[PDB]
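this one's sequence-less:
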RNA sequence: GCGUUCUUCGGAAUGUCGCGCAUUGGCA
RNA sequence: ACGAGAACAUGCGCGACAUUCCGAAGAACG
């Protein structure tokens, strides 16, 4: 997917690593509802990409991902915990990486990473 | 069979699957209240990758299959968090550990053996009920 | 031996949902996906669903025998239309209802209007008043599927009765629902027949 | 002696389920798998399947004799085409259907778009009294698949070749209008014979007209 | 099976959400116009990228983190309203009990994009009324509703005082008729039986709990404004926000004190932050327009015709 | 505005055939 | 100058028939 600091690769195991690192409460006070709202924001563009057969991300999908970045910034502003979650998970940069790749495979990998984040947050 | 070893050291196989199902059998709630439908959902999550590998003949696990196995670990963790009974089932049966073991081994045979182990778990859970 | 073809379209009225059995789905999305044709990744109404629903509705309309256990115990006309597997009394199924693929006209209409072929209806289950969120993928209203039904003329004299039963079954299916979730509204559908033509044989389909 | 080769492809329409050997299936896997070529694990249409289906359709179209029990009691045209085994009247089958293997073109088309050759279809069986549904997973070949089919006709009587090939065309038309597989009455088995390359592989016979 | 057309007359705003929560950062609310234009995010983002205000949009988001009303940003950038209509999907009339909006819920729409009342919700309301069969009853999905009848309403909580909640929801306007088709078998259900059960359930809901809210001073002001119609027969509570006393069988199958005790216990085990702290049984357990008239969330009237 | 459910319980194939005829064989 | 010499385990054949991915569930609770 992408490369984190010190050569770390974005992965579902990396999602578990982030969840266990930020566990103390999670991500300095992150709740399940905020992460749920972020996953809901992911869901619409995920379904749009899933329905589309073309491997290359469609233009409306790319604009949806840009608006997803904007909404992530807004959520980070609204709640400091969401900002901490975003900066620890590097999801905002992952959206830009997906846009750069312009491939369905990278988008679904990022969606699976976010899904792993949600699953491990629920598990821990 | 010949998948891995538990923390205690007991070997993992179909006989181990029957043994763990019997141990968690309580009268009949199994694995601390694990309903059949949760087990069947886990079995379908298994069965997707099982069909993907069963059609294929490559000895090594394909990259898409490995990604689906990691996603299977994610789904197992999500079900463990969402339902305590599924968490107990996975912990006692060591399913997630076997998934990482087959990921390490990267063989069609070991994946088929893990799927047979999960199938034995489901079969003995249905039988011991 | 005459094969009569009934080609037409079937258009959803409230939203059809024939489930595919669940599949790899992100958390909170694609809870119960609709059955789709693997080749085109397009929603499809299986011929099995249409035939089974029509057979069951016809059986209810005619009247099930008391304490019926198997589908090979329906009315003789239903058994001659939809087939039978009774030991020693096997009856060939004259109706060969096939899969109702997504019509190209409706597919291009949806593409023109920038509308998804399937709507992910987000519903729940109140308990304690605790809900159970779920995303059921049901076919978007106004989607037409082309249905193709083969009728075999096993007996010429019985063709009129069999086609009257077919008309009654179509009327019931339009009146009743198709797929799953009918009591909740989703699954009501409508038939629009295009042409009944006898592709094979000397039988005349103009009267039909 | 002349042998005429009919090489073409059968293109699936709704997806055909030629049931397999009923091998031990995983719990929750396909309860009824399709017949597959063991070497390539690809679904195939057995030549026996095509031959039996088209022979039965042709016999029905011609008309079964009253109270017919054995296959050798078919019409003389059907016996001449597909063969007979009646004691003292053994007619050789002029048609030798071969198993229709998964075509390389459709195999590449399925390798593209990340499509599996066979799809697991979920079905149920609503009870007539308890109204309970019994799940069933049936493997079915994908609608977009194609199987390269190979038939061989033996020219035993040059005068009857035209009539036999007319019967073959009628049977192919019937099979296109009918289904080829299990569950066709429920919509599994619709096909079409798109490509047909009739050439005389052996002998001086001319198959241009055929 | 017996078939009846079902008419639902909306006497109070009814919201059937689509599982998506939208914020003021996503739409544009004009208080002077009193209209909220629902903006689709991708087109707005591309518009700002073309106009060069996307960096300005990020800076505006950074400056005021909690409040990021898109209308204020557009007014600051002096972007023309005709340019606004490019990325506006539609517009909705807004009624606030307060300033501005906080968090908007959207009504459910089909894949075609038409507003409709799912038959699942209506059938669930009927089942809860009749709870105490449910297969013969087949409530069909509603006919598509005109977008004009859909407008944004404000949620107000009545706890001894009228308190506007920072939560607006798109709802079907009062006086709108919704049509369904209901089919039932004779043996399992009777139309007279189900109608009588609806009437008795509404009477029990009125007697057990509604009087207690009327006795509250906020309830008294609600009655004075016109929140309770004189007509309010067959009354169904469907929209999101009707309340715990509705959509539950506690007030129907149990005595008033017993039902209140059970509801208090389940609220305490569910919501410890509010009812768990309180150690005594409350007296009662547990919408505004541009005009003077007040509304009750989700209240409706049902009629059946063969 | 915040928080909680994100899918749940059952069915997971069943029944019918599972080789038959002809020659080899038997009896005449 | 082999208990040998010739001799196709061959001919006929639809893994098919019957089967709704369904039954029940209010995006709603504070």
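Good, I have the coordinates. Numbering: from 1, shown residues only, chains lettered A, B, ... in the order given.

name the SS class of the closest residue to residue C:77 other than its chain neighbours, please.
Leaving out its chain neighbours, the residue that sits closest to residue C:77 by Cβ to Cβ, 6 or more residues apart in numbering or on different chains is residue C:165, at 5.5 Å. C-beta here means a position set from N, CA and C on the backbone, and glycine is covered the same way. Classification of residue C:165 using DSSP: H, G, I helix; E, B strand; the rest coil returns helix.

how many other residues sit next to residue C:165?
If you count neighbours by other Cβ atoms under 10 Å in any protein chain shown, residue C:165 ends up with 22.

show me where the chain has helices.
Picking chain A for this. A:12-22, A:32-51, A:59-78, A:80-89, A:91-101, A:104-123 (DSSP state H).

hm, I was asking about chain E
E:41-51, E:54-63, E:70-77, E:81-84, E:119-130, E:191-205, E:211-215, E:217-225, E:250-253, E:256-270.

so for residue B:47, which of those sits nearest?
Nearest of the helices of chain E to residue B:47, taken as Cβ to Cβ: helix E:119-130 at 29.5 Å.

the closest one near RNA strand F anywhere?
No: judged by Cβ under 7 Å from any atom of the strand, helix E:119-130 stays clear of RNA strand F, getting no closer than 10.9 Å.

closest one to residue B:32 among the helices of chain A?
Among the helices of chain A, helix A:104-123 sits nearest to residue B:32 (Cβ to Cβ), with 16.6 Å.

list the buried residues of the closest one.
Using 16 or more other Cβ atoms under 10 Å in any protein chain shown as the test for burial, helix A:104-123 gives A:104, A:106-123.

and what of stretch E:299-306?
Residues E:299-302, E:304 are the ones in stretch E:299-306 that count as buried (16+ other Cβ under 10 Å).

please identify the most buried of the helices of chain A.
Each of these was scored by mean neighbour count; the highest is helix A:104-123, a mean of 22, by mean count of other Cβ atoms under 10 Å in any protein chain shown.

which other helices and strands does it contact?
Secondary-structure packing of helix A:104-123 (3 or more Cβ pairs under 8 Å, 6 or more residues apart in numbering or on different chains; DSSP states H and E): helix A:12-22, helix A:32-51, helix A:91-101, helix B:63-82.

can you lay out these as a markdown table showing distance to residue C:145?
Below are these laid out as a markdown table (distance: least, Cβ to Cβ, whole Å):
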| stretch | distance to residue C:145 |
| --- | --- |
| helix A:12-22 | 38 |
| helix A:32-51 | 17 |
| helix A:91-101 | 35 |
| helix B:63-82 | 31 |
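
residues from the stretch 1-150 of chain E in reach of RNA strand F?
Residues of the stretch 1-150 of chain E lying near RNA strand F by Cβ under 7 Å from any atom of the strand: E:19, E:21, E:23-24, E:66-67, E:102-103.

okay, now residue C:40: neighbour count?
Neighbour count for residue C:40, taken as other Cβ under 10 Å: 17.

that one contacts residue C:102, correct?
Yes: assessed by Cβ atoms under 8 Å, residue C:40 is found in contact with residue C:102 at 7.5 Å.

backbone torsions only: list them for the closest residue to RNA strand F within the stretch 1-150 of chain E.
Residue of the stretch 1-150 of chain E nearest RNA strand F, by Cβ to the nearest atom of the strand: residue E:102 (3.2 Å). In terms of degrees, to the nearest 10, the main-chain angles of residue E:102 are phi -120, psi -50.
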